[PDB]
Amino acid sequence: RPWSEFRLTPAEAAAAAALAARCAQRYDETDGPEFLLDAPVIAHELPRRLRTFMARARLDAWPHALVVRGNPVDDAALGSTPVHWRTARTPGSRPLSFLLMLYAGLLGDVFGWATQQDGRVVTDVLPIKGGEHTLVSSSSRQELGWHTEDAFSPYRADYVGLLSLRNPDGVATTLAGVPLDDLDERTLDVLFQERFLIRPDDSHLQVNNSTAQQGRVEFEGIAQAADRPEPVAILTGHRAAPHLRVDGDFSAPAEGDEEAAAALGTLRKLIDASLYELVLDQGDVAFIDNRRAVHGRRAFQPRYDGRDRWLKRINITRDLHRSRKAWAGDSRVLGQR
């Protein structure tokens, strides 16, 4: 497969769950300063074979994601899928939120955005009634188009963690790498040049955060990024294994640049053609390499009966200090005037 996969034994899965439950019993919340600081060290107590996989798989040159299968989730204990992310920090999902953060701590520094889901570090992906055909992760009936997470920002995550709390109908996450087998060298050259506009996605809009959140200054920076985007490259680094920065619905060529436009149009077609599926079943966790791959989610018919698909999500950077300009006044929650 194009991702690296690990399956917990029942004993390993139970041990990780017990550790997460212990943390949930000793800390007030996942996003509190105390657990944010302690989690990477507590994560050292996770099963050795899992720690070995995470340390090595992160250093491999090829995988689009690190996938860990086999975390038990009891639907009765978990309770119904929340109707909105606002009310999604349910007691039943609490230990799994701690588990996600522990796993994330093995890969890097977790963080959130001042302008997304009220500045939470652990966020929620679930269908919101009335928001089926939006461009945000709470969509359903409309496919979530492929994207680099927070592509607009130089402080975007290196890894995006997704823990499936439930996914009864097996809705697929989509993934694609750089279509290096099909990009001609001229097109590749153009994609490496600063000739593209990438605007913030709709999750950073005031309407998709709680009221009175909301007037906070960090939405100014989002407005600037949308109104006056600076030209940037889509590809960076090594020509034989480039890093990728693009969003199918929020990228554009630089104004009047038809060669750049042609390169982007070609890239869209090649990514559409090479897009593949990863189904995160209940208890599966994926850490998507946000530099090597774009990701999305297939269209699905939401249930709205209390058993809708539901993920916990977390943004991870290899170096928090890279984003210090955007340390709102925290750190761990990013944004700018």
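Note that residue numbering begins at 1 and tracks the sequence as displayed.
- Relative to one another, 172 to 180 and 212 to 220 have unequal mean CA B-factors, and 212 to 220 is the one with the higher figure.
- Mean CA temperature factor is higher for 250 to 258 when stretches 163 to 171 and 250 to 258 are set side by side in the entry.
- Taking the deposited Cα B-factors for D308, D289, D284, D28, the highest one is held by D28.
- Highest C-alpha temperature factor among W62, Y304, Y276, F300 per the entry: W62.
- Remark: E194 belongs to the highest third of its chain, ranked by C-alpha B-factor as recorded.
- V110: CA B factor lies in the lowest third for its chain, per the PDB record.
- The deposited CA B-factor of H238 belongs to the highest third of values across its chain.
- In this PDB entry, the Cα temperature factor of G265 sits in the bottom third of its chain's modelled residues, the lowest group.
- For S137, the recorded CA B-factor ranks within the lowest third of the chain. Only modelled residues enter the ranking.
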